[PDB]
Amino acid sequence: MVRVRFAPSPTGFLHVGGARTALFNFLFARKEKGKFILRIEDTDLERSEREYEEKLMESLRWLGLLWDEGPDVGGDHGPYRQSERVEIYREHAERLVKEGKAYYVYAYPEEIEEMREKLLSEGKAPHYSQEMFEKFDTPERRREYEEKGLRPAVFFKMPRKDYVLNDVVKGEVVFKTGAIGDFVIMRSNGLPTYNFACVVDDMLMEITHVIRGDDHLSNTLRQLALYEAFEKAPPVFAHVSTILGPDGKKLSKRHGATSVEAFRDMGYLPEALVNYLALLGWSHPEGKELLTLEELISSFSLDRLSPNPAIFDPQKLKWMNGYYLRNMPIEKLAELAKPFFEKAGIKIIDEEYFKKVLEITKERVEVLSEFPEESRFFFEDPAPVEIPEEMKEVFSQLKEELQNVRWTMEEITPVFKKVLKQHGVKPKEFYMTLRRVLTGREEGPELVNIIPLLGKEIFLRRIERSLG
């Protein structure tokens, strides 16, 4: 009853816009209990470049946007790669030509681009017609195409009529007669164009709803004409928001990390990204932003898709990441954090100690790559700081006092108070110097939490090492 698809052209990196579009299809499919199809637009890719498809699928599974039908999982409406469907598109292109709805063209791609510019220089519209290509239909050119392994490109006769798109998000989009001209549906190298392959697959795969970025709205005119050519009712269209950077301009390189792979490498969580990606072109009825994946599926709907653009907020994504990172189960937070420590040179053998070190320091990190430098003092002894003159005697006495004591603040704190009062040393300056002895920094977690986690041996060793 309900069938949606994500149709990416794999480049190796799944960007935020793609990830967002795949999420909206996933949520809709899950809510309505329909199917979510993955279609790889690998027409121009080589056999060697299948690793881009492997990386895009990996990133979708990392985000948890699992699909029902696809190149690996299979399905009754396959194959799911456009490279493997070349004969299906050819079969459909020739059918339009036989019905007088399309036609063959023998002009090169280096040419056409010449007459494109000739029409523009002459003030005319850049709209193609069948009579414009008759110049190139000569026996010499047909021989040159045969001898060079080329086929004539198939062009679609664009009819002189109005097309009305009743979009779910954008509403009524009138494409007035004489907007565009004739266009290429099959190229001279035997491969299809995006629009033609898109329509043939949307029909054959029985797509009910096409949810995609609004940058494909112009292309919908070319697709609606093709649906009419094949005499098949088109699917429901939902054109989602354009993702802009924080300054208003289109999201890009200059705005920071743009790929799902880049966020994973920096240390972002899938639940954080998915929740944030959900907010780029949709809102919860009551404006709720911290939603679980179950909450998104339940609350999501096509009537709440914004017709306006989504502005990317890196601070909000990073803050939202910190939220999930702190409320995540410690068992899971440990396995996700461990590689960042190993990459940073800190080796982790004690699993119980590691969970305790992360439980304290998690309140100070928003991203997983921040953990190693923040929690470094808990593993490696810091640089020895010069203990001031009046306290040298106080710090040296602590080795003796704290030797026969249970290693807990309830027993350690009264010993500090006794020695400080006895010597006539103010506590503010003692606790400041003690931080520098144990941590080697001006700030960090509460000293009450740091001291007990480190051993008695680790506490005393750092005092004597700092000055002696």
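Each residue number is its position in the shown sequence, starting from 1.
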For 303-311 versus 211-219, entry-based mean Cα B-factors point to 211-219
Comparing average C-alpha B factors as deposited, tell me which of 41-49 and 408-416 sits higher. 41-49
Name the one of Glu271, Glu134, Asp265, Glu373 with the greatest CA B-factor according to the PDB entry. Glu134
Can you tell me which of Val240, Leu277, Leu244, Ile387 has the maximum CA B-factor listed in the PDB entry? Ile387
Could you look up the Cα B-factor of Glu172 in the entry and say which third of the chain it sits in: lowest, middle or highest? middle
Could you look up the Cα B-factor of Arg95 in the entry and say which third of the chain it sits in: lowest, middle or highest? middle
Should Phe378 be placed in the lowest, middle or highest third of its chain by the C-alpha B factor in the entry? lowest
Using the temperature factors of the C-alpha atoms in this entry, rank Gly17 within its chain: lowest, middle or highest third. middle
Chain thirds by Cα B factor, record data; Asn321 belongs to the middle
